[PDB]
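Residue numbers (the deposited numbering), protein chains in the order written: chain F, 1 to 140, 146 to 384, 421 to 467; chain D, 1 to 91, 204 to 384, 422 to 467; chain G, 1 to 139, 146 to 384, 422 to 467. We treat Cβ as the ideally placed atom computed from N, Cα and C, and that holds for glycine.
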Amino acid sequence: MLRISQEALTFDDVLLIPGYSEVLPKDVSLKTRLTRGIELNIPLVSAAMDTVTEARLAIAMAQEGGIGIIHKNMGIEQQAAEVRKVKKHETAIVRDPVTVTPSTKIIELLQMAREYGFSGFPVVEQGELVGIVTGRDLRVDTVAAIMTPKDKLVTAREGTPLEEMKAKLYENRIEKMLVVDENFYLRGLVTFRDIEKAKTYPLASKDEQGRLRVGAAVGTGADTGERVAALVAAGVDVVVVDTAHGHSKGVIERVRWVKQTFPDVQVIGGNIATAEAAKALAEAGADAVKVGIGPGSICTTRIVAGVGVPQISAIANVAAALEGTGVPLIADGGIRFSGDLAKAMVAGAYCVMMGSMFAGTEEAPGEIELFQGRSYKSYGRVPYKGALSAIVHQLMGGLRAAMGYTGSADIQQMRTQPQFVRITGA
Amino acid sequence: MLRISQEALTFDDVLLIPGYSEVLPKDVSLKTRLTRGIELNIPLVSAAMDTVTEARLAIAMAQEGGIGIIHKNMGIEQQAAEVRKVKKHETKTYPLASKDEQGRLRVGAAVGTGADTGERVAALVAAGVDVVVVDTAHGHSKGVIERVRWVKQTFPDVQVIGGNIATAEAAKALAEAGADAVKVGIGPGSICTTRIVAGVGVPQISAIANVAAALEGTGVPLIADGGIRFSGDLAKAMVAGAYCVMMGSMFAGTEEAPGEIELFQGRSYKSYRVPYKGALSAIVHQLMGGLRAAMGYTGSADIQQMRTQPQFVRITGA
Amino acid sequence: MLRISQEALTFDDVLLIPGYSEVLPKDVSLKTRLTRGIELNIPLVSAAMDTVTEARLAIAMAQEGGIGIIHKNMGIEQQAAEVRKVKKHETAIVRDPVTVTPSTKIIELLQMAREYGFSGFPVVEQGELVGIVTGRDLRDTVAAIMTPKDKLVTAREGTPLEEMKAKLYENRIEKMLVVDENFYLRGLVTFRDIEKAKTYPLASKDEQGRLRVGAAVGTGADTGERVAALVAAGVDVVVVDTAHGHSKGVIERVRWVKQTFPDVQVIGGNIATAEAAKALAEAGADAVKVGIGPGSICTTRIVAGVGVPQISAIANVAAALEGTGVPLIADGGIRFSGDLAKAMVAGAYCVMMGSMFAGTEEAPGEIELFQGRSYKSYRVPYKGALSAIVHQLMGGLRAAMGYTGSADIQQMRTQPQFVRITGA
Numbered sequence: 001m002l003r004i005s006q007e008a009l010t011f012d013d014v015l016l017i018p019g020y021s022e023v024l025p026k027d028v029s030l031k032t033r034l035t036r037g038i039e040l041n042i043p044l045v046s047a048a049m050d051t052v053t054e055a056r057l058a059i060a061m062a063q064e065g066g067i068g069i070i071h072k073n074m075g076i077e078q079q080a081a082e083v084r085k086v087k088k089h090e091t092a093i094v095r096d097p098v099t100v101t102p103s104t105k106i107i108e109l110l111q112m113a114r115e116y117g118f119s120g121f122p123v124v125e126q127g128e129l130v131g132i133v134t135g136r137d138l139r140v146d147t148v149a150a151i152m153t154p155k156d157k158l159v160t161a162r163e164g165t166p167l168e169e170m171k172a173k174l175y176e177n178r179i180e181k182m183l184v185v186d187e188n189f190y191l192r193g194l195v196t197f198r199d200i201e202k203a204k205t206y207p208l209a210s211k212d213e214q215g216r217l218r219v220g221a222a223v224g225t226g227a228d229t230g231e232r233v234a235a236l237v238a239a240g241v242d243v244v245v246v247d248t249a250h251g252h253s254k255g256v257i258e259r260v261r262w263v264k265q266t267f268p269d270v271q272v273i274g275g276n277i278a279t280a281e282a283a284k285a286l287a288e289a290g291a292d293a294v295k296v297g298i299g300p301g302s303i304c305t306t307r308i309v310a311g312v313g314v315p316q317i318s319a320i321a322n323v324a325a326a327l328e329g330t331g332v333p334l335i336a337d338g339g340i341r342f343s344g345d346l347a348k349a350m351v352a353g354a355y356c357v358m359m360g361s362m363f364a365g366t367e368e369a370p371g372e373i374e375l376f377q378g379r380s381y382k383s384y421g422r423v424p425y426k427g428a429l430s431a432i433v434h435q436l437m438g439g440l441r442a443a444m445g446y447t448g449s450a451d452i453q454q455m456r457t458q459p460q461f462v463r464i465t466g467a
Numbered sequence: 001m002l003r004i005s006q007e008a009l010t011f012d013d014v015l016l017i018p019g020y021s022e023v024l025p026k027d028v029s030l031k032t033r034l035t036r037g038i039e040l041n042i043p044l045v046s047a048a049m050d051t052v053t054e055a056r057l058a059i060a061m062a063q064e065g066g067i068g069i070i071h072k073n074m075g076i077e078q079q080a081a082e083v084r085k086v087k088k089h090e091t204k205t206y207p208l209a210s211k212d213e214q215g216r217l218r219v220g221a222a223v224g225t226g227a228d229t230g231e232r233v234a235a236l237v238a239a240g241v242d243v244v245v246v247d248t249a250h251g252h253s254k255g256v257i258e259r260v261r262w263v264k265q266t267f268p269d270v271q272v273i274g275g276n277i278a279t280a281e282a283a284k285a286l287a288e289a290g291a292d293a294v295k296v297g298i299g300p301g302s303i304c305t306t307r308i309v310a311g312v313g314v315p316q317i318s319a320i321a322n323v324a325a326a327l328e329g330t331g332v333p334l335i336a337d338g339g340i341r342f343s344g345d346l347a348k349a350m351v352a353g354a355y356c357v358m359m360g361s362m363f364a365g366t367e368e369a370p371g372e373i374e375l376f377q378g379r380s381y382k383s384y422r423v424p425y426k427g428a429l430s431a432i433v434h435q436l437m438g439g440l441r442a443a444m445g446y447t448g449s450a451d452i453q454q455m456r457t458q459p460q461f462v463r464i465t466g467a
Numbered sequence: 001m002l003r004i005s006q007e008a009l010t011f012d013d014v015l016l017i018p019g020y021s022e023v024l025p026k027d028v029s030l031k032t033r034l035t036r037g038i039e040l041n042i043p044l045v046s047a048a049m050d051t052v053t054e055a056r057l058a059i060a061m062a063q064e065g066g067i068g069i070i071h072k073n074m075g076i077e078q079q080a081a082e083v084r085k086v087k088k089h090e091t092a093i094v095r096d097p098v099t100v101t102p103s104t105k106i107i108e109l110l111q112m113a114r115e116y117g118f119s120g121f122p123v124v125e126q127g128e129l130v131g132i133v134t135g136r137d138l139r146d147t148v149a150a151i152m153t154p155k156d157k158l159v160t161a162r163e164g165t166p167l168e169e170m171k172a173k174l175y176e177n178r179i180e181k182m183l184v185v186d187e188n189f190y191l192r193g194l195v196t197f198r199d200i201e202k203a204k205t206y207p208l209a210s211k212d213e214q215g216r217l218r219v220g221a222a223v224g225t226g227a228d229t230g231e232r233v234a235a236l237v238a239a240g241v242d243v244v245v246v247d248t249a250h251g252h253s254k255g256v257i258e259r260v261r262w263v264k265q266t267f268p269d270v271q272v273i274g275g276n277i278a279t280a281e282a283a284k285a286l287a288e289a290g291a292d293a294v295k296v297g298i299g300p301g302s303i304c305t306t307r308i309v310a311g312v313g314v315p316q317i318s319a320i321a322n323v324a325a326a327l328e329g330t331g332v333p334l335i336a337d338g339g340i341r342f343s344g345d346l347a348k349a350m351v352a353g354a355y356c357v358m359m360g361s362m363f364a365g366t367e368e369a370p371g372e373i374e375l376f377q378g379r380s381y382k383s384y422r423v424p425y426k427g428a429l430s431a432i433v434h435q436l437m438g439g440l441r442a443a444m445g446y447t448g449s450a451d452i453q454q455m456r457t458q459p460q461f462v463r464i465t466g467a
């Protein structure tokens, strides 16, 4: 007979049922996991599309508390360079301040200050911090004779938390402080005002060195091994083996190879839409899976190949397959409104990947253009959407409202407790 | 493990089945209850929206045999003053008029859960409001349930409605808290904001039926609030178990509703821009005329029969 | 007998005829006059509309080489304050430093420092800068520990940026407080903000180097008070701006401004006839603004049946004002850069734009996202930076001047010819 496995449901087939609520939307927790080893403060990921995620938007995603996956429609060194931009983004510490040496002449010092200002130059000897030259030191031969010496410097160790650095600035009644490593080598320069500015982004997704998190997509083609190596050496947090059909020999073996070749990087595999595909990727060592095969009603995979799984059922089947494995699942595709995002969470997603909704923001690729009195991003013209932060705030506002309606205090509750009603086309 | 509780139906999913009939539409009874203590001569309530119910339309609603809920998008003294206008209004004869034991027209008033709610209730009560409606987007919540308890303990002699809700468990929670009635409707509309923004909602026929089953034998009425576009939907809501129906935007733009007559582009509107709909009585007459027709088709002589005896068919999209 | 004075033409009725050309569009001169006494480097003025011109956009217009007219849908002192914002603008100055007084408790200053740090705090008394509390000063009250007045290194507001930069270097500091002639604290300037500052070579500036600005008034009861407050705030031009400038009220108010405030420029409008131009010129107007029912379905035409198609209105006013020295501003009906070029050739000295500038970054309103598209809300589509619209408008004018062979505005206004075309 006709081999039908199940009836499968999409976002419009279901609604969340309100439940007893004690926590206000503004008070719920949105914290979740992207992978086994990566936590996110909001369950939001930007897709690896060449209209959506390069370094600029990836930085903003991490600042909001999610993460961006840098697209792979570019050369290997070009993609590694995009990853480097994200890892080098300075939340507060100036990593490469302008320096002088003890033997540097005052005449060159003064000529440098005419170009860079009298901000006070650190004095180094082959990288080793030996002092600082303040404007006062010049007011009241070489830099050595007038420099503030090491014993008078207030410094902080590299890797100290920003709030602890701000406290050392406060206790010492200073505005600037040098950052050093265990061998007193200069590693940066930090400022009270810049730490305070950093509170603009209190949810920022950072690695353990305080660098913004970022991901990067790869495929299965011949240069994948070289591309992964370049992305890893650039400091990427997660490699996303990202293809149309993750349940394939090519993707499973590539995930396995990443996990065995680069054990210290996280690896995502996808896309998949079935329990069995999730178990295959988990056994291959995936730190997370990405869910979405023909999730959209009119997408190319459905029309050209007749293939797809409605996204609510795909998410729930993958979630059930991975329960108790520790492996998160990313919902990728079909989300038009914040309400869909909430339904994806209640079906079992750990976080949601958005694509076209972020195209046309300030931070996304492209240049602004005005055409017949309206604003677009040009590269083929998408409407200009303004700042990414406003879209993120609306999406998380809707999720917060749903969690308030269902009485879910946190993401773990939202994923496991609320119920759907199924509705008709009427 | 997709956690699906049930298939839920809306108005367009069902049709009333005709039954053996002996009573004509013009002769059936429309008397019902708003709350434990308030009876109405027609099963109609006006919503607490600032485009729908202030004193003028609340007076009209009571004269028709329903009741208005004065909206709370105004100061406390203003809302109390609106209540006083209705309670003091003295006149045309309105023999269906909803009236209290003292012969004054009935009126309700909405409050929320915010910090000034206690002061607002006290003022509405001192002005003679018949029912206080604790009216929020999510009545199945600590704050709404606690506020309903406080009204019932602090002002035992006023009726209190809690809402909105859409489940049996929520209905039991509000009734145990002392609600004299519950208001039903969470994301009842097809493309409403609750559904688009939060993905939350219960199709209104199943929500009404689930609440009616939860409250059977308790004496606590339920008010159907939202999703009703035609008199036919109203009839369906009653057969699903509603005691009466709350209308909102349908009454906006009537003569008696807030706003001022405005001419523009050769058409009439109310501005504060909603199309001008003429006198409220003509809409009420149409809605009640359709309910009477439905009761004639189903053979229901009164509201109690209409709510408990007729049957639906479920239909498809086609 | 049906009293018809003439057939009147609008922009769509005519096209510019190409002429022999030797000057490339990039090389023509766009310099013109707003009024008898005010020159502009581009022939663009922003309208006195509350969706278009407040201080932010007026500043951008002046930096582009044009000027903005601040709208009058606000209080008198609010309008004076908008003018002051333009007259005193400087991008490199950080405004409103958080201050302390000598009788502030050290304990309170240490509390504030939790947010503000130790960079540190200017000290004011009776509204005058009297010292500063630096971090070294904190390692009773501020009076005891503050650095005294005689040790402050300050700059005067309005000092050229290169002089401020030289003073920073000479004093081995990276930032200093900015004061006015009363030693009132006006802000703070840093090396980094000086280096980041953009220069505007075409900027419309007065004799003191301040950006030019105008402001609208009407003819109602408080006009005299409003004019006085605008003039005192340093406004460069008063625009007596009504629906019907050819009236006793406007003519007498224009004359009052010229007689009462002879050192300010005055514009009268709106008009659309030769006789109205002569009447405003005789009243003392330094320029006239042309446009009565210039649009096809505007309210003046629909409600009152009144209007003059703008090409003919411009040309009739220009003919009437020839040899008087009084410029004319074309106000209304301009949809595309091509209409702007036509308005210049019909005789305008510059063009006032309104709703085309609404919805730009610098115009009033806040950006809003709505159905996946950007709007400004008070809703109009969001249009990005004003500079891109100005660039396109002036690019189109430059192209027209290249087509007509006009090397400068004076030639563009007097030499090229139109063809008249049919509806087809």
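Taking DSSP's pairing of strands, which residues face residue i in a bridge?
i        : result
G/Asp137 : Answer is none; G/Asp137 lacks a bridge partner.
F/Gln271 : F/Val243
Quick one: does the C-beta of residue i sit closer than 7 Å to a heavy atom of the ligand GTP?
i        : result
D/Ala319 : Looking at this structure, you won't find the ligand GTP or any other ligand, since it has none at all.
Do residue i and residue j have their C-beta atoms within less than 8 Å of each other?
i        : j        : result
G/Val148 : G/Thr101 : yes
G/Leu34  : G/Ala293 : yes
F/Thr51  : F/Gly313 : no
D/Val433 : D/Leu44  : yes
G/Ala58  : G/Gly65  : no
G/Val244 : G/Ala227 : no
F/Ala80  : F/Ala239 : yes
F/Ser5   : G/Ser380 : no
G/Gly439 : G/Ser21  : no
Let me make sure I understand the geometry here. Which of the options has the alpha-carbon closest to that of residue i?
i        : options                               : result
G/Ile257 : G/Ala287, G/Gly297, G/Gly19           : G/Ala287
F/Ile335 : F/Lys88, F/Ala291, F/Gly344, F/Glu125 : F/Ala291
D/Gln271 : D/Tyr206, D/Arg261, D/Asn73, D/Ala278 : D/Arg261
What's the C-alpha gap between residue i and residue j?
i        : j        : result
F/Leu429 : F/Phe363 : 7 Å
D/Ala289 : D/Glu281 : 12 Å
F/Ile93  : F/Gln111 : 25 Å
G/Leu327 : G/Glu231 : 31 Å
Going along chain D in order, which residues have a C-beta closer than 9 Å to the C-beta of residue i?
i       : result
F/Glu22 : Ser253, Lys254, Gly255
Since residue i meets chain F, which of its residues come closer than 9 Å, beta carbon to beta carbon?
i       : result
D/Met74 : None at all; the shortest Cβ gap to chain F is about 25 Å.
Listing by chain order, which chain F residues have their CB less than 8 Å from the CB of residue i?
i        : result
G/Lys426 : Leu375, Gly378, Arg379, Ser380
Residue i CB to nearest chain A CB: under 8 Å?
i      : result
D/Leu2 : Of the protein chains in this structure, namely F, D and G, none is chain A.
Determine the chain G residues that contact residue i at a beta-carbon separation under 8 Å, and present them in chain order.
i        : result
F/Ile432 : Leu375
Whose Cβ in chain G lies nearer than 7 Å to the Cβ of residue i?
i        : result
F/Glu180 : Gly117, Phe118, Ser119, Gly135
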